[PDB]
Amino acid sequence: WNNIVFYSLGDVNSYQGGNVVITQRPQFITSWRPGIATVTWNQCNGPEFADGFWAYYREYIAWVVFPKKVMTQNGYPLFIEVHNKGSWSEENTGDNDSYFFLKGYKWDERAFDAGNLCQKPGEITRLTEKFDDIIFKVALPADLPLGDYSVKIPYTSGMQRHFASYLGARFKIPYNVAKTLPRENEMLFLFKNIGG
């Protein structure tokens, strides 16, 4: 059998870019911060709870789905590009709307730990794993009005936890499903457009 649950993180953060000119591509840092995660998706055909007497195998993969473009409050498109993805695996590059970053750090791990192996949407749990930062750079449209900006960039981040009854178990949430996942994170990009 196979139980997969996606634990969605949803913290709000701000990044100050300062004074910028439309000929620049100001960057902003996206950090992965430990916190409370909410189940927003699952697929299970196995047991609901492990009482401690039995073994199962773990496969954990971190996910980040980031938009390639975001509308400013006043109605202007900002183009988001990956500047430094660190060790993250950038996949489904063909998509025209979102970036897909993954990082599998655990697989084939046998465990007897008692617990719920298929929590339902809405359930929570604490995540303490840390992952590399991802730095992006933004292209501002030349016609962007001067002034201060505080752009809300919503995105998805979380832990795909896969529990299975056999060694060698492998699973990846489909990209088309992932892109639809709730984007509970929010990066508030701050900057003052002084022309250019």
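The numbering used is simple: start at 1 and walk along the sequence shown.
Of the two stretches examined, 56-64 and 150-158, the record assigns the greater average C-alpha temperature factor to 150-158. When the two stretches 69-77 and 109-117 are set side by side, the higher mean Cα temperature factor goes to 69-77. Sort the modelled residues of the chain by CA B factor and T128 lands in the highest third. For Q43, the recorded CA B-factor ranks within the middle third of the chain. Only modelled residues enter the ranking.
Per the deposited record, the Cα B-factor of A169 falls in the middle third when ranked against the other modelled residues of its chain. In the PDB entry, a CA B factor belonging to the lowest third of its chain's modelled residues is recorded for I134. For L144, the recorded CA B-factor ranks within the highest third of the chain. Only modelled residues enter the ranking.
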